[PDB]
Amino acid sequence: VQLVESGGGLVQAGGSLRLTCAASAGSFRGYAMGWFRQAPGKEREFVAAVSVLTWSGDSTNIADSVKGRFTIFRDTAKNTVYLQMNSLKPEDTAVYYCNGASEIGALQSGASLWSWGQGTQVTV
């Protein structure tokens, strides 16, 4: 699977952005998907995760630092993943990456399945 992020840019505090995660090769339809971010100086850290859809429904987990401002969701027709970022803060400035795992708990613990894509720059 080859991951491609997009949608980053420069925004003012309180503004909003929507990030897109797509597969330029392969498919992550069969896997939970997550967003991670890395500020210059820090290591990459978990932001949000969304499970696959099962007959019982689905599950999401959102990091406390962005809870109430960011949401994650999937499009099962396009096989894409999105990060909607509302109420942006300067401390949200980072490169944002998506990756997958067999379950959202693995993403919550920093684990992932594929090589990292280039990420997308968000500057607030």
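Don't overthink the numbering: it's just position in the shown sequence, from 1.
Per the PDB record, of the two stretches 81-89 and 26-34, 81-89 carries the greater mean B-factor over its C-alpha atoms.
Checked against the record, the higher mean CA B factor of 35-43 and 69-77 lies with 35-43. Highest C-alpha temperature factor among 52, 48, 98, 95, as the PDB entry reports it: 95. Residues shown: 108, 12, 112, 20. Highest C-alpha temperature factor in the entry: 12.
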